[PDB]
Every structure is written in structure tokens, then in C-alpha cells.
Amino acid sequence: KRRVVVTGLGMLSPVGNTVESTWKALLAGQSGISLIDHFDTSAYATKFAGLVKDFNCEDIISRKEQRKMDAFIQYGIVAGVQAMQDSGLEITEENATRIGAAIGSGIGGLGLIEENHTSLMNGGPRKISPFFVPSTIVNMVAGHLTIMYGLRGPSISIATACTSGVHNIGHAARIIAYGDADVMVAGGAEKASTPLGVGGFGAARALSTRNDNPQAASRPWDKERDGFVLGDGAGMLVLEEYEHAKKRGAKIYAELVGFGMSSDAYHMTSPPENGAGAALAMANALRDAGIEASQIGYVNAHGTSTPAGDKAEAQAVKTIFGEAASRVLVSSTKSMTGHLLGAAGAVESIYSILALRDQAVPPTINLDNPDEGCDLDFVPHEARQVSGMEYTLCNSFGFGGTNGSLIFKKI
């Protein structure tokens, strides 16, 4: 039996370029949602998003090297470098073989696929950049980090839309627990705030259209919800075996103790009003950790601010916690940050971990009027203070009906 702990955190988000700055902004209820300015949004129904602000990677990645990678990969590396540095791991020739990565993305290099397609349309195939493939495909964030640090252990990339971050982190732990690796860098990165990204989700009418007030648009569980808000970023954690980490004396942030997965088998984009698949994934993670629902203080919800989705999750928490439903705190940090698709599960695992360290729970800002069949404590406007919280649950219920939940324990 091999235990997995978190020894390093890193991230880029709409409210901060580091872990701690991002953390502090969330506890103060700061929004990261701004108006889009890098492309003309005149014809667009949604003109805002959670954008990464003032991004600099010149020190980490050269300008020469920057040309071979879409922004999602650039975000992924920077956040990856932060997690490696935070962890305090020396990579030696005798170590390489046991350290790998499990980093994903939901859509991957959309920005660069558009550019190259535009080139092709106006110039033919000779104008297609020679780095087309390696700059856009999903597994290149893990490809780049492995080379950079000489990681010769297992390397995977899970692409499950909104559940990517949670699936990657959990399978990195399964890998570690199986014996295939000792350390894993895990997480997700996304940068889908492009014409095709805004338009595409816009075309399905899944996005909020509240352009008059961009920062109040993302309002999970509020009555005026009109769709999710798109966000960019990347979260990354260092996962490693307990005895390996203790032996070197690493910063141990927490322990990954449960991982649950499920499918809805219902609709390609919409969830069951029941919340049946969401319940199952929470149920499975609970069983996987061997704890009851009343031992979980805080649930970082999927909470995307969609009419149908917010109700289902609510209903699924009632079904699992039951009498502890009113006793458990459930908040959506997507009210400040927006939905980071493939990085959503990664950044939100960090929030769930940090909540255990500081005994503070981030709020669901903008919750002015709970939905009619809503009854739980959604940590409504300001951060709540807690005292003896040992477990947290992080939920991701994504497109295609693929669900996941992670359970963390304070050590």
C-alpha cells in the first residue's frame, strides 16, 4: 500500500500569476473576468472572459522557443516550473526513471490551429508552420516538461473536457500507488479564449451574455444565471509517494486519499436533472477513501453557472450528504475565476488543498438570489472561517457526461 501526498503547487489564473496571489484574491472575492481585447468581439454574443493578465515567461522560455508553442503550452510550462520549484526535488540520473507527468487540456492549441488554418486558406500548405502539430496537440505540455527536467517516468495526458484536471491528478496518483512512479507532475492547462472558442461555445448558447456587467455574469446557483463564463489558466501539483517525500523532508501540503469516476450516459452536453452521475462519482470517491460524507467539511463544486448544471449538482450533494447537507460548505470559485475547462480541476484541487492549510473557504460571489430548489450553504458572499476541517471534496462534471471527484486529507 502506497500513500500519495502533494508536495508542490503551481499555477496561472485570471486572478493571479502565482499560487498565493491567486489564493488571496479568491478569499477577498476578487473577480478575474475582463472584456476581451485581443480580437474584435463586435459580432460576438459574449465579449468577456477570465484572461491571464500580464504574462511573462521570457525568463523561463526563450522568444525563439516561444514560437513552437500555443499559449496553453506556455501556461502549462510556467505553472509546471512553479510546482517543480515549490516541491524541492532534485532530478538525478538515479531518479529520472521514477518521475513522470500526467498533464492534460480539454481543447488544446486552438489559437495556433486558427492561425495555421488562416495561413493555409490564404497561402496554401507551404505557409503552414513546421511546428503545427507539436504546438497544438494536448500531450505537448507533458512533452515539454519531461524534456526540460529529464523526467523519464510515465507520461500521460487525459483530455476529458471539464474533468481533465481531476482525471489527470487522480490517475497520476493511481500510477504512483501502483508502483510505476514515485513522483508525478499533474494538472491541466487551457487557453480557449479565441474566436473559435468564444464563438463555438457561443453557438451552443452555453455562455453567459451579460456584457453590461462582466464580473456579475458568473453567478452559480443564482436565479438570473444565463450560462458559464470562459476562463484561461493552468494549475499544477507535484504528487509523490509518502515515504519518498518524508525521507527527503518535503513540504507536505496534504494527502490524496480518494478518487471517484463515473459517466452520466444521458446527454452530450446536458446533465441529468437528477444529478445521478455526479452522486456516483462522489459516492465512489467516498468509498475509495473509506470515509462517510459527514467527514467532508468543504466541497469545491463544479458550479459553472448554468441553469441545468447547477441544479443537478445541488441535487447530487443532497443525495450523498443527506443530513449533513446543511452542515457541509459548498462553493464555486468559478464565480470569480470563470470555467477553465481542462485546467478547472487542477486549479480547484489547489483551492481545496489550500482551504485545508488555512482553514478558510472561498465564496461563491454574486449569489444574490438562490434558485428556488436550493437549500445548501453555498458560502454566499465572503470567505467563511472554519476550525476542524480535515477533508475536502473537489468536483468536476464535464461535457460528454464524464465525472470525477478528488478527496484530500489534512496531514
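Rigid core here is just the name for the largest C-alpha set that superposes within 1.5 Å across the two forms. When you see a residue number, it is the position in the sequence shown, counting from 1.
If you line up the core and then measure how far each C-alpha sits from this form in 4 other deposited structures of this protein, which stretch comes out higher, 21-29 or 395-403?
If we average over structures and residues in 4 other deposited structures of this protein, the farther stretch is 395-403.
Say the other structures are aligned on the rigid core; which stretch then has the higher CA RMS in 4 other deposited structures of this protein, 266-274 or 140-148?
The answer is 266-274, which departs more from the shown form in 4 other deposited structures of this protein.
Of 314-322 and 73-81, the one with larger mean CA B-factor:
The stretch with the larger mean CA B-factor is 314-322.
Take the C-alpha B-factors listed in the entry for 246-254 and for 336-344, compute each mean, and give the stretch with the larger one.
Result of the comparison: 246-254.
Highest recorded Cα temperature factor - choice among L196, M268, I107, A301:
The listed residue with the largest C-alpha B-factor is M268.
Highest Cα temperature factor in the entry, among the options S155, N122, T160, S262: which one is it?
The record points to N122.
Assigned third (lowest, middle, highest) for the C-alpha B factor of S42
Answer is highest: the recorded C-alpha B-factor places it there.
Select lowest, middle or highest to describe the third in which the CA B-factor of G373 falls within its chain in this entry.
Highest third.
Against its chain's modelled residues, does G29's Cα B factor rank lowest, middle or highest third?
For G29, whose C-alpha B-factor we compare with every modelled residue in the chain, the answer is the middle third.
Compare the C-alpha B factor of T118 with those of the other modelled residues in its chain, then answer lowest, middle or highest third.
Its C-alpha B-factor belongs to the middle third of this chain's values.
When the modelled residues of the chain are sorted by Cα temperature factor, does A360 land in the lowest, middle or highest third?
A360: CA B-factor falls in the highest third of its chain.
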